[PDB]
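Worksheet: one structure, shown below.
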Amino acid sequence: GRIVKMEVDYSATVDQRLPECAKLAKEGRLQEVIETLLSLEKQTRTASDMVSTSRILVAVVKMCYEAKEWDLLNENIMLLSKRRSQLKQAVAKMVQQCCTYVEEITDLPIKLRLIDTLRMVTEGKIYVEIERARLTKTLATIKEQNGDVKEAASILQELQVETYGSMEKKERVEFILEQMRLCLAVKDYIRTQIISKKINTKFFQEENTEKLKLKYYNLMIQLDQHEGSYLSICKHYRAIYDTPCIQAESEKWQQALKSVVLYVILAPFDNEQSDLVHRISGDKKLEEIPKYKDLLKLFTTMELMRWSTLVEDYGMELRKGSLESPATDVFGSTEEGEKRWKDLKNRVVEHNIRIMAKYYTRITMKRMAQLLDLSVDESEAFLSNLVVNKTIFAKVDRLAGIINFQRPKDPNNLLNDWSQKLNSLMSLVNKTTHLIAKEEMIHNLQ
Amino acid sequence: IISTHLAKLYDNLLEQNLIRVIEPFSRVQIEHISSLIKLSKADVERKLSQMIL
Amino acid sequence: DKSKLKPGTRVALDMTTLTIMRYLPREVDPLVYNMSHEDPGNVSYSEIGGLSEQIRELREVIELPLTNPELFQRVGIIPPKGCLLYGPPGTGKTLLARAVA
Ligand SMILES: Nc1ncnc2c1ncn2[C@@H]1O[C@H](COP(=O)(O)OP(=O)(O)OP(=O)(O)O)[C@@H](O)[C@H]1O
Ligand SMILES: [Mg+2]
Numbered sequence: 011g012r013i014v015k016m017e018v019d020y021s022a023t024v025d026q027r028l029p030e031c032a033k034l035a036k037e038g039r040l041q042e043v044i045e046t047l048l049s050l051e052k053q054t055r056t057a058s059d060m061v062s063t064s065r066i067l068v069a070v071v072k073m074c075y076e077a078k079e080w081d082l083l084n085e086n087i088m089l090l091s092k093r094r095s096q097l098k099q100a101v102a103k104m105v106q107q108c109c110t111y112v113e114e115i116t117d118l119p120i121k122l123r124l125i126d127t128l129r130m131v132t133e134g135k136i137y138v139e140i141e142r143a144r145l146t147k148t149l150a151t152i153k154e155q156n157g158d159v160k161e162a163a164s165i166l167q168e169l170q171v172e173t174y175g176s177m178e179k180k181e182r183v184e185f186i187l188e189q190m191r192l193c194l195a196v197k198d199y200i201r202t203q204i205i206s207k208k209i210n211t212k213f214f215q216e217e218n219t220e221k222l223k224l225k226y227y228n229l230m231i232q233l234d235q236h237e238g239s240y241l242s243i244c245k246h247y248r249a250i251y252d253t254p255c256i257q258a259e260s261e262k263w264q265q266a267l268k269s270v271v272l273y274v275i276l277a278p279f280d281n282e283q284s285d286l287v288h289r290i291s292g293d294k295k296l297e298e299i300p301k302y303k304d305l306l307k308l309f310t311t312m313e314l315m316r317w318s319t320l321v322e323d324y325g326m327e328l329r330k331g332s333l334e335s336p337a338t339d340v341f342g343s344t345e346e347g348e349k350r351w352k353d354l355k356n357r358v359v360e361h362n363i364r365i366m367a368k369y370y371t372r373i374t375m376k377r378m379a380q381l382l383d384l385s386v387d388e389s390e391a392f393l394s395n396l397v398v399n400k401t402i403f404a405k406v407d408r409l410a411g412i413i414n415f416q417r418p419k420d421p422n423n424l425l426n427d428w429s430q431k432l433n434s435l436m437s438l439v440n441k442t443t444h445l446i447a448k449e450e451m452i453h454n455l456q
Numbered sequence: 318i319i320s321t322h323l324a325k326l327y328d329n330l331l332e333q334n335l336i337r338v339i340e341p342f343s344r345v346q347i348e349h350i351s352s353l354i355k356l357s358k359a360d361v362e363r364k365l366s367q368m369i370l
Numbered sequence: 088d089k090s091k092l093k094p095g096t097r098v099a100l101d102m103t104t105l106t107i108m109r110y111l112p113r114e115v116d117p118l119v120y121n122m123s124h125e126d127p128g129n130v131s132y133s134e135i136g137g138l139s140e141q142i143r144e145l146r147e148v149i150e151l152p153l154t155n156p157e158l159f160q161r162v163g164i165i166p167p168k169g170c171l172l173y174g175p176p177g178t179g180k181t182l183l184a185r186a187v188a
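Residue numbers (PDB author numbering), protein chains in the order written: chain W, 11 to 456; chain X, 318 to 370; chain E, 88 to 188.
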């Protein structure tokens, strides 16, 4: 910062001094090497020598390493960090050398003295000089005890991005997401969502992202899967499905599609899914698997499905198949997979009920059960659930077992439709005549 | 004091639960209302009578 | 165009049949123009002696907030707006101001 006029270079004075202190320490004069150095630096500090202060500062740190003076290392680390503000970058170099010490030295006291370096920086005498050094340093504590309930707190306390801004973007995404995996271990799902939203602020950092982000963002395919999310998880697999364009492994790409099409169907009907299913369908890469026609069973012919036929024609998605990799996870489990079996039946029953609504005015209750493949009492239970949620219009007269899907026609709606019929009829007449002139009055003259 | 207000809340909730069961259909046997509501036929009949007025 | 003629926009009008014929940039009062292109002195920080701590304090509200705004968004404070340089009649006040000028 401040450029002092060049009068005397202080490097030479320490050059012949630091190695001399090494000899005294080697013999066993651990103290004599220590106290002498501090007086050496203090003179440099008044002169505020960046290079001179840094080189000497590490030496005392370096010397204590080989000296095996762990008790004297910690006490020496503190005394060198709060004497006269030191030189801001001077402490920066010191932590770096001390940083490599923890990563290499095993045995318990590393953690005991590990926290000592954490507090030396803490959040005072910090920033670009000793900012990022802290981030890794707390990460080591994270792996200190392999990850537990307590560790999740030990890492959440670090507010990434907002505070550790002046540090590498690629490494940032790793730290921000690594604590997310800690959240899942403890099974804290509310916190996982909020922490998750802080990384999606920026995307498209896949320049060298073989697994850095895209394949490491699998957690959201685990967090979101917990409660009820199907469409949300579906969009995620497609998101990694762009990786096959980047990672086009034969087996990997095949399993992803089976997953994408698997519980795209699982999600309930909604305008968001209607255009999503269309995009998934029609790709020139879906024909490689029989699953394509299963998904096609939700688009064409209106597919009045028979759950008996669906199971018998597609029992492979529960045991085995071409690769069946998603099938074992999606449906092959004991509890998590089994739930998705009931949910699929609900969607298959939901498709039958909705489609029959379009093409039916009144359907007897008994025949409704046969199409839906559930008992009459169960059919009423499902119908009531849909009607109460304002999804399907249906009024059931259970005294006669007849349920009609027709809204009581309003006087204006009955007449309004008649108005629209005339408009089309008038327009067609205009179009019909205008097509006659193109033909009758063109070729005739010739 | 909370125990003082339970009686009102039970009356209020019973109102909502009856609508949730009668909305899904039209003319329906009262017996099935009792089975779904889990209540006797006598009180359900009267409760409906007060509701309609 | 009838989309840049928002309320407040300066517009020139014809002398005889008043009709907008051009949208204009906001005017600069000639006093304001003379208030900017003023200093020929070119005084350096090495001339204002004695005031060393004062300069560092003044530069903390003129230069720092206008070069590294992300620093103050960390702590959460909003950098100060004003600055009053008072003192005895004859110390360095106008000299210091011209220095930053
Ligand atoms: N530290 C200094 N180094 C050099 N010159 C100085 C210093 N302090 C004061 N001066 C002298 O002060 C003279 C006038 O200073 P200046 O007009 O800024 O002061 P002032 O009387 O307090 O200002 P004002 O009346 O405009 O508020 C300059 O010509 C300069 O030579
Ligand atoms: Mg003055």
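Don't be surprised by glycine CBs; every beta carbon is placed ideally from N, CA and C.
- Straight-line spacing of the CA atoms in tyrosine 120 (chain E) and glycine 128 (chain E) works out to 18 Å.
- Apart from sequence neighbours up to five positions away, the residues of its chain that approach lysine 376 (chain W) with a beta-carbon distance below 7 Å are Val386 and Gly411, ordered along the chain.
- DSSP lists no beta-bridge partner residue for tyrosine 247 (chain W).
- Inclusion of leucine 89 (chain W) and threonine 63 (chain W) in the CB contact set at 8 Å is not warranted, their separation being larger than that value.
- Residues of the segment 159-183 of chain W with a Cβ closer than 7 Å to any Cβ of chain E, in chain order: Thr173 and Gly175.
- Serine 269 (chain W) is classed as buried because its beta carbon has at least 16 other beta carbons within 10 Å across all chains shown.
- Linking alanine 277 (chain W) to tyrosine 240 (chain W) through their CA atoms gives a straight-line distance of about 5 Å.
- Counting the other CB atoms within 10 Å of its CB gives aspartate 234 (chain W) a total of 16 or more, which places it among the buried residues.
- For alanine 163 (chain W) against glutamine 106 (chain W), the beta-carbon gap comes to about 27 Å, at or over 8 Å, which does not count as contact.
- Counting only Cβ-Cβ distances below 9 Å, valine 345 (chain X) has contacts in chain W at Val406, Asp407, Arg408 and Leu409, in chain order.
- Distances from the alpha-carbon of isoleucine 250 (chain W) to those of W:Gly175, W:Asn228 and W:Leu409 put W:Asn228 closest.
- Non-local C-beta neighbours of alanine 150 (chain W) in its own chain, meaning closer than 8 Å and more than five positions away in sequence, comprise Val112, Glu113 and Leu124, ordered along the chain.
- At a cut-off of 7 Å, the beta-carbon of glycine 128 (chain E) does not count as near ligand 2: no heavy atom of the ligand is closer than that.
- Contact residues of the segment 146-170 of chain E toward chain W are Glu157 and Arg161 (C-beta to C-beta distance below 8 Å).
- Short note on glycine 137 (chain E): C-beta not closer than 7 Å to any heavy atom of ligand 2.
- Counting of Cβ neighbours within 10 angstroms places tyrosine 110 (chain E) among the exposed residues, the total staying below 16.
- One thing to note: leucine 50 (chain W) has its Cβ no nearer than 8 Å to the Cβ of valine 43 (chain W).
- Here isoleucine 107 (chain E) carries a strand assignment [DSSP, helix/strand/coil].
- Between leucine 145 (chain W) and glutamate 168 (chain W), the C-beta spacing is below 8 Å.
- At least 8 Å separates the beta-carbon of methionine 436 (chain W) from that of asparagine 362 (chain W).
- Close to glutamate 332 (chain X), with beta-carbon spacing below 9 Å, lies no residue of chain W; the smallest spacing is near 16 Å.
- Using a 10 angstroms sphere on the CB of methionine 102 (chain E), the tally of other CB atoms stays under 16, which defines it as exposed.
- Annotation for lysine 180 (chain E) indicates a beta carbon within 7 Å of some heavy atom of ligand 1.
- Residue X:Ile347 holds the alpha-carbon nearest to the alpha-carbon of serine 366 (chain X) among X:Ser352, X:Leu323, X:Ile318 and X:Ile347.
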